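Enquirer: the data below comprise the sequence and an experimental structure of the protein.
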Amino acid sequence: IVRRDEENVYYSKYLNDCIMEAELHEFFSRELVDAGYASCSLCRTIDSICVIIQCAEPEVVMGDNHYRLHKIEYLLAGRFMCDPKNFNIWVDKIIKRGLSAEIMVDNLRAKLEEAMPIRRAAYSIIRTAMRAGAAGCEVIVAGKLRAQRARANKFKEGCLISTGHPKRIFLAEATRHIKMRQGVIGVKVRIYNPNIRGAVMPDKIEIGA
Amino acid sequence: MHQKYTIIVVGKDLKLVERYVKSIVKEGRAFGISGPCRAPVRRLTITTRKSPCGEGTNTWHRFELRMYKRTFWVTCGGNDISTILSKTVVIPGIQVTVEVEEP
Amino acid sequence: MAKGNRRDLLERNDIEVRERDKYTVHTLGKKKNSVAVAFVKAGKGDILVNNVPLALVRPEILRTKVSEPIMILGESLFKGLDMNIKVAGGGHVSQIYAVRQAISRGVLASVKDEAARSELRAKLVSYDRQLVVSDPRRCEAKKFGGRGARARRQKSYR
Amino acid sequence: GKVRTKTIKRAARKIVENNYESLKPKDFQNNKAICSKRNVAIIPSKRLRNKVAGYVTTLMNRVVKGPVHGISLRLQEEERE
RNA sequence: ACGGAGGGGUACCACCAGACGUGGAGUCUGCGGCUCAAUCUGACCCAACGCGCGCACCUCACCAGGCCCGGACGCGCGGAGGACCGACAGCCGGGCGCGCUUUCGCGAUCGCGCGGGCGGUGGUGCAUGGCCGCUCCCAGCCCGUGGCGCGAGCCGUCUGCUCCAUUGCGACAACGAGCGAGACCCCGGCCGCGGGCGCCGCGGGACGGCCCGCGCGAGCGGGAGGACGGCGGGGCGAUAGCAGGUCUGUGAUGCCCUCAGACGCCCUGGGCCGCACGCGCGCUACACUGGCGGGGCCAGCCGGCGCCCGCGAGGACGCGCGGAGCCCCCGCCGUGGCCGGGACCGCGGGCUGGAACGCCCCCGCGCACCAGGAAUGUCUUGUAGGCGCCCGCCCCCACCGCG
């Protein structure tokens, strides 16, 4: 009673836009490093596009009189071929930066590029997380940390999950690559917030009096 | 007047699609009716080798992308050109849930 | 070709509407992907499967298998009533068993006296239990180590 | 199966001695309803609830047959003499 | 850590009982050797060998030959009284203003030297990141306070009873916590509510709960009633580690090598497929529990059709509509390497494509093969096995792979 060759337009008009989002994630990550970039989202309103950003300090990306933002809007439109002025943008601010892995790991990358030793950077990150109210943070720094023969030394503090579906909700992970004279220094972070949002971790029972 | 309009909404996650459904049903009870049709789930499947080089046990990934689709074509003549707008802006603006309107 | 769960089947729109309303009872059978829908009414003992009588079902050897409950319970009840089955789903034998299950369950629903219904249940289940209770087992999935659910690719050590 | 992990046992004991009045030694339904009640407990799942209820039933009929260690069930009244 | 030491447990990548196979032949494909101008390379017990997602061109690295600079940016010099860049005729040339005998053009978008770039399926995986594999189809791993030892270390973290499980009971110079295990997520089976172009959204239900035996206890055996009865199939996957694989997946990269007769990029051909030989995963058969001819009939991941030509494969037009093998019934053949089997070869008709060496159809010819030595693999309910059907890569093509 129905034709399957027509709804393929609706289905293929969702896929393309999901992909368009990922290129933006990559571009922002390569661009708004200094603005505490974290993530992105999109809303394909027919008249115009809207994009919502999550940044520690938006005023940096906002730019005096909204210049950087506007310079960006005209740019994306040419690439995705939309009429500019229909490619507007909005920015939102993260308040719990310690619960965000991306902010932490990027800060760590900065601190590392200034030559400070790993032992201080990691534990400063971890203190920052715990102050934010977290049940664990693990840091790892693999590579040619010494003369040769690269090794991984990992730092941790609290308790962490490692398996199960719950690791896709309460466990936030991220990684980066740091290019240096000796070579490449792999770094990755993971944080555990069990009381996140409103969801309740299973196998967790509370009783009454 | 009467324009036989139809509402189609698409999403990849099943929790907002059902939330959007409820809002619309709530906001379209007057401007005629708006009962839903739940379509068969289009599931996209991709199988990939878990290895970038082809070494060791031949082990496979199994991704998929479920896409859920609902269709309120119940407005019909019960909505005018402007009347469709009323509700469509009164419903929540969930970040991701494609919508298209056609007569 | 047919799919079993289709709305065009469960409601049996095949029958015309003025005739669709004379059928009081409704019934279900199944086995594997097969599903059968029966519409039982009042008549003088006639049965049909996909617009074909019961004597001329096709595997030939199983005709007894579908006629079982009649020669068990007796022909009195069935002679009293008239039925029109329709089935759709995988396999000849699956269809046979689904059909017999539907027969039995429907004739069970025709009687209103619960006591007789229980007595008939005991009379019938004793001979066999799959005449009332659906068989649950169903085809199981395969894995990537080989070309079967539990079999594996042959391994050469040297 | 027969996997009665620590959580089940500890929880069952805890909710038992505080609710001996609202439970029975063999029912699985009334015990289940009580555990579902919010004033006493919060079971994030369903299967957890059922398991906890079953262990409670076993624990309470064990009690009624005779006292069980680790349960302060107010029996001081019978033995305070 | 090991023991051809003892004592307790466990598992079809172990055995008992059995089933189906391989190693026997022909053939598809990959692997070493020979040959060649080249027959590009990684991987070698489990833990390399239809695996690094279908090689006529590209892909493409290798062989024989030729265009182009797409030399960023700085300093010195030169230049419109003309920097650099294109072309008819006629040859040489596979070909091209590539080169050549000549004379028309174009116009600073720069030329040369000195520094400095870009790029590179170029080397090192024994310099690295990341991702996988294996240890591991495992059940184990650790913190604070305290105690014993000069100390490396020990107790906690168990020489008892249970559990698939460091799963639990009950004790103890230990007390109290955490990760892993389970819990959790997807699928299926029964019932209810709602909605409904198309069967799809939210919930209930099963918990060692009832009875009987045992056992202090955790828990073991049997019988019920029930859609389902005692981890139903999958996903995730601890600490520590390997000189395991990948620099040939990448605007991931350290140090080397190449950089105007180029290892850059683009074109034309050839090759990766060549064949006295050894072996790895598969496919087809060795027949009567069968082969041929005619007819009847049902699936699921899901899914497109009419009319007219042509034996067929295919083709010209035009619209939106739609599902098979085994099996069952009737006949022929009649133990004959026969009508079993279908490799090889000789005429012919078409499709893809810029281009057949590629793939389909028709007539004729009609190879090995009689159930396979020493040796060896997999498997417990909708399972093995048998039967076919869809997607991936793809101009064409599936004996492969996921289902």
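Expert: The structure has been received and is ready for your questions. Numbering: from 1, shown residues only, chains lettered A, B, ... in the order given.
Enquirer: in the chain, which spans are helices?
Expert: By default, I'm working from chain A. Here chain A has its helices, by DSSP state H, at A:8-31, A:58-62, A:67-80, A:101-113, A:118-132.
Enquirer: my bad, chain D
Expert: Per DSSP H, chain D carries helices over the ranges D:6-17, D:29-36, D:47-65, D:76-79.
Enquirer: distance from the chain centre to whichever strand or helix holds residue B:83, please.
Expert: Following DSSP states H and E, one finds residue B:83 within helix B:81-90. Mean C-alpha position of helix B:81-90 versus that of the full chain (C-alpha atoms, centre = their mean, to the nearest Å) differs by 18 Å.
Enquirer: how about stretch A:109-126?
Expert: Centroid separation for stretch A:109-126 versus its chain: 19 Å, with C-alpha atoms, centre = their mean.
Enquirer: now swap in stretch A:49-59 and tell me
Expert: Put simply, stretch A:49-59 sits 13 Å off its chain's centre (C-alpha atoms, centre = their mean).
Enquirer: list the contacts for residue D:76?
Expert: Going by C-beta atoms under 8 Å, 6 or more residues apart in numbering or on different chains, residue D:76 touches no other residue. From N, CA and C alone the C-beta is placed, and that goes for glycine too.
Enquirer: quick one, phi/psi of residue D:4?
Expert: phi -110, psi 90 (degrees, to the nearest 10).
Enquirer: what of residue B:43?
Expert: Residue B:43 adopts backbone torsions of phi -110, psi 120, taken as degrees, to the nearest 10.
Enquirer: most packed of the helices of chain A?
Expert: Comparing the helices of chain A by mean neighbour count (mean count of other C-beta atoms under 10 Å in any protein chain shown), helix A:101-113 comes out on top with a mean of 19.
Enquirer: what's the burial count for residue A:100?
Expert: 23 (other C-beta atoms under 10 Å in any protein chain shown).
Enquirer: report the separation between the residue nearest to residue C:45 when sequence neighbours are not counted and chain D.
Expert: In this structure, residue C:45 finds its nearest non-sequential neighbour in residue C:79, 3.7 Å apart by C-beta to C-beta, 6 or more residues apart in numbering or on different chains. Distance, residue C:79 to chain D, using C-beta to the nearest C-beta, to the nearest Å: 46 Å.
Enquirer: settle this for me: residue C:79 is touching residue C:44, isn't it.
Expert: Yes: Residue C:79 lies in contact with residue C:44 (C-beta atoms under 8 Å); the separation is 6.6 Å.
Enquirer: which non-adjacent residue is nearest the residue in chain A that RNA strand E sits nearest to?
Expert: Here chain A gets closest to RNA strand E at one residue, residue A:186, 2.0 Å apart by C-beta to the nearest atom of the strand. The shortest distance from residue A:186 to any non-neighbouring residue, by C-beta to C-beta, 6+ apart, is to residue A:142 (4.5 Å).
Enquirer: hmm, back to that, would you reformat the helices of chain A as CSV and include distance to residue C:140?
Expert: Output for the helices of chain A, formatted as CSV (distance: least, C-beta to C-beta, whole Å):
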stretch, distance to residue C:140
helix A:8-31, 30
helix A:58-62, 54
helix A:67-80, 46
helix A:101-113, 40
helix A:118-132, 46
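Enquirer: report the secondary structure state of the residue in chain C that chain D sits nearest to.
Expert: Nearest to chain D, among the residues of chain C, is residue C:136, at 20.4 Å (C-beta to the nearest C-beta). Here residue C:136 takes the coil state, with states given by DSSP: H, G, I helix; E, B strand; the rest coil.
Enquirer: please see if the strand or helix carrying residue B:15 touches RNA strand E.
Expert: Using DSSP H and E, residue B:15 sits in helix B:14-27. Yes: counting by C-beta under 7 Å from any atom of the strand, RNA strand E is contacted by helix B:14-27 at B:14, B:18.
Enquirer: and for stretch A:92-108?
Expert: No: Stretch A:92-108 stays clear of RNA strand E (C-beta under 7 Å from any atom of the strand), getting no nearer than 11.6 Å.
Enquirer: so is that stretch next to chain B?
Expert: No: Stretch A:92-108 is not in contact with chain B by C-beta under 8 Å from any C-beta of the partner chain; minimum separation 11.1 Å.
Enquirer: quick check: end-to-end length of that stretch?
Expert: 23 Å (C-alpha to C-alpha, to the nearest Å).
Enquirer: how about residues contacting stretch A:19-36?
Expert: Applying C-beta under 8 Å, 6+ apart, the contact partners of stretch A:19-36 are A:37, A:39-42, A:51, A:53, A:55-58, A:60-61, A:76, A:80, A:94, A:97, A:103, A:106.
Enquirer: nope, stretch D:61-69 is what I was after
Expert: Taking C-beta under 8 Å, 6+ apart as the rule, stretch D:61-69 contacts D:16, D:25, D:26, D:59, D:71, D:73, D:75.
Enquirer: contact partners for the residue in chain C positioned nearest to chain A?
Expert: Here chain C gets closest to chain A at one residue, residue C:8, 9.6 Å apart by C-beta to the nearest C-beta. Contacts for residue C:8 were tallied using C-beta under 8 Å, 6+ apart; they are residue C:14.
Enquirer: relative to residue C:99, how far out is it?
Expert: Applying C-beta to C-beta, to the nearest Å, the value for residue C:8 to residue C:99 is 19 Å.
Enquirer: burial of the residue in chain A that chain C sits nearest to, as a residue count?
Expert: Here the residue of chain A nearest chain C is residue A:1; by C-beta to the nearest C-beta that distance is 9.6 Å. Using other C-beta under 10 Å, residue A:1 is surrounded by 3 other residues.
Enquirer: so which residues make contact with stretch C:141-154?
Expert: B:58, B:59, B:60, C:140.
Enquirer: right, is that stretch up against RNA strand E?
Expert: Yes: counting by C-beta under 7 Å from any atom of the strand, RNA strand E has neighbours in stretch C:141-154: C:141-154.
Enquirer: now, which of those residues sits nearest chain B?
Expert: Within the residues of stretch C:141-154 next to RNA strand E, proximity to chain B (C-beta to the nearest C-beta) peaks at residue C:144, which comes in at 4.8 Å.
Enquirer: assumed residue C:122 was part of a helix.
Expert: Yes: assignment of residue C:122 by three-state DSSP places it within a helix.
Enquirer: residue C:147 in helix, strand or coil?
Expert: Secondary structure for residue C:147, judged by three-state DSSP, is coil.
Enquirer: and it, how many neighbours?
Expert: Using other C-beta under 10 Å, residue C:147 has 10 other residues around it.
Enquirer: please report the distance of it from residue C:153.
Expert: Residue C:147 sits 8 Å away from residue C:153, going by C-beta to C-beta.
Enquirer: repeat that for residue A:97.
Expert: Residue A:97 sits at a distance of 51 Å from residue C:153 (criterion: C-beta to C-beta).
Enquirer: give the contact list for the nearest residue to residue A:83 once chain neighbours are set aside.
Expert: Excluding its sequence neighbours, the residue lying closest to residue A:83 (C-beta to C-beta, 6+ apart) is residue A:77, at 6.9 Å. Listed by C-beta under 8 Å, 6+ apart, the contact set of residue A:77 reads A:83, A:84, A:86, A:87.
Enquirer: alright, I will stop here.
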